[PDB]
Amino acid sequence: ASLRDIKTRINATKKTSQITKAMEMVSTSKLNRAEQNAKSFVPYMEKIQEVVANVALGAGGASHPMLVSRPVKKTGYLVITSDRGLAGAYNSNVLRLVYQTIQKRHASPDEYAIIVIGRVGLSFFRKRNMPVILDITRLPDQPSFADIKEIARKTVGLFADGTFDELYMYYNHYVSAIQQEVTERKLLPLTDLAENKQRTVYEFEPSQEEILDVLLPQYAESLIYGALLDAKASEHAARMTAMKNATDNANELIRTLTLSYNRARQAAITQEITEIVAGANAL
Amino acid sequence: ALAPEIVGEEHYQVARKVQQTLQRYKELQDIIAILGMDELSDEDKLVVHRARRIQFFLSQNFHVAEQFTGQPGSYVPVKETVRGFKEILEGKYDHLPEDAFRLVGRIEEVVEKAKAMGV
Amino acid sequence: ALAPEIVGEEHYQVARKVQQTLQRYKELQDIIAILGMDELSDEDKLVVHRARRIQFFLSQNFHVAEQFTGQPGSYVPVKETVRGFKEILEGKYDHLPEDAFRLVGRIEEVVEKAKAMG
């Protein structure tokens, strides 16, 4: 190529490298904060898990704990995706699994419905012809308890009014900065409990089975947090890793382009001086 | 000689389609280098998927290469070449690994490979 | 000349270990700046702790700088500097303050300076 073209390429690559480095440095702090939020969530999850594992087996039944709800019908799918790209395979990894499961174990656009979080998954499903019932798009990078309260309550209500048979949720679980695992979790009917000391409740009972009608919808907030906090942590870690990889690639390209530029410069100088000397001695 | 009245209509069309796919793949190279395939669209990813396999299938094992590597050479008729590239373009072998297309003759040899290894 | 054939196996090993420690410390600068010192692991803490000692011990008080400082210069033999760096790598002086290693000569002058500080 020519010197001017190589110089322009170098300048563009340097600008891209700086932008990616800034994005990586932001994403590192965002991931660090998301880890603290996930840590803060722990004790409430622990206490509610214990109290549910105790009470829900209290010699009774309800729509949520039974092995089968209203006879097998439309299955509910809840998927959590980011609202913006540049996160690597973060969205695609979950979307491929969801697509495979839907196409393989239903084979009909009648016995399933999809609830999406994030713009990317919504666009992915709307590019195809799969029905979406509910969705939320723009969220804080560090959501608080009331951010997705309405969507979670509506998702529970869709099972409550018999519209859904069961709920499956898909998301990215945070394991390490470089490894995030796609996870499928059976949400409703919950169908499993913790093996704890079942009698330790001592709740002043208004009604031992009526309390379940309030507890189970609130225990359902495993969907809102136990998955979403991991999803946000995985999203930030994926952004950080993708941005550092992009920065490294840009630096390598800059090095190679600089070598090419220096070779071209030397060749140009040699050719110019040779032509000048030939013209001078041709006289 | 690459003219429809000399090589045939389907031969000409297959050649032009292969060249178009390779040109698109070459255009995608800088984006792929900078930030990988994660930000490509669905059609661009399919173009890359087809183009890598086409580029690998363009390789061949020569008779005179017996001295460098023990693999015997192969002679491929133009009809077999056209049929194989047409089949690759139609998407018949999108599930095979791209390493199975290296240094073979007919598409039957690509099919026989990836059986000595995982299918 | 940094090859065991002419400089000595112990000298080569000490130099390689010092360079590795310095490179390891250099790699952590961005994460230390972003998250902070307390966010590192224990081994990273030890690496930073020892590397900040090595960086300071690489300095020296020159004879020609006496006219400006008042501190006399020093001439450090290669055996002395090799042994001092080996001792620092072994962790013999991890409890000493880091500023004691700033502008001293042999490995005993740092001890004397630290004792003078308290």
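Labels below follow one simple rule: chain letters A, B, ... track the order of the sequence lines, proteins then strands, and each chain is numbered from 1. Only this structure's heavy atoms are used, side chains among them; waters, hydrogens and symmetry mates stay out.
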Handout entry: C/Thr69 side chain vs C/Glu66 backbone, donor-acceptor pair below 3.5 Å
Key = no

Exercise for the section: Mind running side chain to side chain contact (heavy atoms under 4.5 Å, CB included) on A/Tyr174 and A/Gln179 for me, showing each step along the way? Expected result: CA-CA 7 Å; A/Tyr174 172 76; A/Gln179 175 185 333; over 6 Å; no

Practice task
For residues B/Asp42 and A/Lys127, determine if any side-chain heavy atom of one lies less than 4.5 Å from a side-chain heavy atom of the other.
Solution key: yes

Exercise for the section: May I ask you to check whether over 12 heavy atoms, not counting those of C/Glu10, lie within 6.0 Å of atom CD? Expected result: no

Practice task
Kindly indicate, with the supporting measurements, whether the criterion side chain to side chain contact (heavy atoms under 4.5 Å, CB included) is fulfilled by A/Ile117 and A/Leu139.
Solution key: CA-CA 9 Å; A/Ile117 303 187; A/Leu139 284 166; 4.0 Å; yes

Problem - A/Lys21/A/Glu24 ion pair, N-O < 4.0 Å - result: no

Practice task
Report yes if the side chains of A/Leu78 and A/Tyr170 come closer than 4.5 Å at any heavy-atom pair, otherwise no.
Solution key: no

Practice task
Give the minimum heavy-atom separation between A/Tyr90 and A/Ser82, together with the two atoms involved.
Solution key: CE2-N, 3.7 Å

Problem - Flag for B/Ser41-B/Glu43: side-chain donor and acceptor within less than 3.5 Å - result: yes

Handout entry: Interatomic spacing from CE in A/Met169 to CG in A/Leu223 - rounded to 0.5 Å
Key = 5.0 Å

Exercise for the section: Compute the ring centroids of C/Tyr75 and C/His63, then answer whether they are less than 6.0 Å apart. Expected result: no

Problem - Side chain to side chain, C/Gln60 and C/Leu103, heavy atoms closer than 4.5 Å - result: no

Practice task
Output yes when A/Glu50 and A/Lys47 qualify as a salt bridge under the 4.0 Å nitrogen-oxygen rule, no when they do not.
Solution key: no

Practice task
For A/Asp5 and A/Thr8, test the side chains for any donor-to-acceptor distance below 3.5 angstrom and give the result as yes or no.
Solution key: no

Practice task
Say whether, by atom type as modelled, one donor and one acceptor occur between the side chain of C/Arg53 and the main chain of C/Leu96 under 3.5 angstrom.
Solution key: yes

Problem - Spatial distance of atom NZ (A/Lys154) from atom CD1 (A/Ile148) [nearest 0.5 Å] - result: 15.0 Å

Problem - Test log, rule side chain to side chain contact (heavy atoms under 4.5 Å, CB included), inputs C/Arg52 and C/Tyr25 - result: CA-CA 8 Å; C/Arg52 287 192 62 87; C/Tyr25 173 65; 3.5 Å; yes

Problem - Over 12 foreign heavy atoms within 6.0 Å of CD, A/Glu195 - result: no

Problem - Ring center gap for A/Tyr225 and A/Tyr44 short of 6.0 angstrom - result: no

Handout entry: Over all atoms of both residues, closest heavy-atom pair of A/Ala194 and A/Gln49
Key = CB-NE2, 3.8 Å

Problem - Nearest heavy atoms of A/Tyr171 and A/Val94, plus distance in Å - result: C-CG2, 4.0 Å

Handout entry: Salt bridge present between C/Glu109 and C/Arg106 (N-O < 4.0 angstrom)
Key = no

Exercise for the section: Check whether more than 12 heavy atoms from other residues, nucleotides or ligands sit under 6.0 Å from atom CZ of A/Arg9, and answer yes or no. Expected result: no

Handout entry: Any donor-acceptor N or O pair under 3.5 Å, side chains A/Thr247, A/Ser17
Key = no

Handout entry: Electrostatic pair B/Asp44:B/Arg24 at N-O distance under 4.0 angstrom
Key = yes

Problem - Beyond-backbone contact of B/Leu40 with B/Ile32, side-chain heavy atoms, under 4.5 angstrom - result: yes

Practice task
Give a yes or no on whether the backbone of A/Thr28 and the side-chain of A/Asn32 come within a donor-acceptor separation of less than 3.5 Å.
Solution key: no

Problem - Within 6.0 Å of NZ in C/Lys86, more than 12 heavy atoms from elsewhere - result: no

Practice task
Find out whether A/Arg255 and A/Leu257 are in side-chain contact, i.e. whether some heavy atom of one side chain is under 4.5 Å from a heavy atom of the other.
Solution key: no

Handout entry: Salt-bridge present (C/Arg50, C/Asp94; N to O < 4.0 Å)
Key = yes

Practice task
Classify the side-chain pair A/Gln18/A/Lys15 by whether it contains a donor and acceptor separated by less than 3.5 Å.
Solution key: yes

Exercise for the section: Please step through side-chain hydrogen bond (donor to acceptor under 3.5 Å, both in side chains) for the pair A/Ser144 and A/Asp147, ending with a clear verdict. Expected result: CA-CA 6 Å; A/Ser144 72; A/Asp147 278 280; 2.9 Å; yes

Problem - Reported CD-to-CZ distance for the pair A/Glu46 and A/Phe41, which is rounded to 0.5 angstrom - result: 10.5 Å

Problem - Electrostatic pair A/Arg33:A/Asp141 at N-O distance under 4.0 angstrom - result: no

Handout entry: Ion pair B/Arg102/B/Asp99, N-O distance below 4.0 Å
Key = yes

Practice task
Answer with yes or no whether the side chains of C/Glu9 and C/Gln13 bring together a donor and an acceptor at under 3.5 Å.
Solution key: yes

Handout entry: Salt-bridge present (A/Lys30, A/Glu235; N to O < 4.0 Å)
Key = no

Exercise for the section: Would you check if C/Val48 and C/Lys45 make a side-chain contact, meaning some heavy-atom pair closer than 4.5 Å? Expected result: no

Problem - Exam field: side chain C/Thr81 to backbone C/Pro77, donor-acceptor pair closer than 3.5 Å - result: no

Completion exercise
CD1 of A/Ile114 to CZ of A/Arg126, rounded to nearest 0.5 Å, is 12.5 Å

Handout entry: Backbone N/O of A/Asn172 and side chain of A/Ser234: donor-acceptor pair under 3.5 Å
Key = yes

Practice task
Can you sort out the partners of C/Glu108 under side chain to side chain donor-acceptor pair (under 3.5 Å), two or more places apart, ordered by chain and number?
Solution key: C/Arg83

Problem - Where A/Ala87 and A/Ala238 come nearest, the two heavy atoms and their spacing - result: O-CB, 3.3 Å

Problem - A/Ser40 side chain to A/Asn37 side chain, donor-acceptor N/O pair below 3.5 angstrom - result: no

Problem - Smallest separation among heavy atoms of A/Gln180 and A/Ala237, with atom names - result: NE2-CB, 3.9 Å

Handout entry: Contact check, side chains of A/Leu215 and A/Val52, non-hydrogen atoms, under 4.5 Å
Key = yes

Handout entry: A/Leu253 side chain near B/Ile34 side chain, heavy-atom distance below 4.5 Å
Key = yes

Exercise for the section: Decide whether A/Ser222 and A/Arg185 meet the rule of one side-chain donor and one side-chain acceptor closer than 3.5 Å. Expected result: no

Problem - Donor-acceptor pair between C/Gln23 and C/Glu27 side chains, under 3.5 angstrom - result: no

Problem - A/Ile273, CD1: over 12 other non-hydrogen atoms inside 6.0 angstrom - result: no

Problem - Flag, side chain of C/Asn61 to backbone of C/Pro72, donor-acceptor distance under 3.5 Å - result: yes

Exercise for the section: Start with the C-alpha distance between A/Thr101 and A/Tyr77, add both sets of side-chain angles, then the distance that settles side chain to side chain contact (heavy atoms under 4.5 Å, CB included), and finish with yes or no. Expected result: CA-CA 10 Å; A/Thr101 51; A/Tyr77 284 96; 4.3 Å; yes

Fill in the blank from the handout: Value for OG1 (A/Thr20) from CG (A/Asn249), rounded to nearest 0.5 Å, stands at 9.5 Å

Exercise for the section: Inspect the surroundings of CD1 in A/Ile178 and state if more than 12 heavy atoms from other residues, nucleotides or ligands are less than 6.0 Å away. Expected result: no

Fill in the blank from the handout: Closest non-hydrogen contact found for C/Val7 with C/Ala1 is CB-O, 3.9 Å

Exercise for the section: Say whether, by atom type as modelled, one donor and one acceptor occur between the side chain of C/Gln67 and the main chain of C/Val64 under 3.5 angstrom. Expected result: yes

Exercise for the section: Can you measure from CD1 (C/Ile54) to NZ (C/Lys17) and round to the nearest 0.5 angstrom? Expected result: 9.5 Å

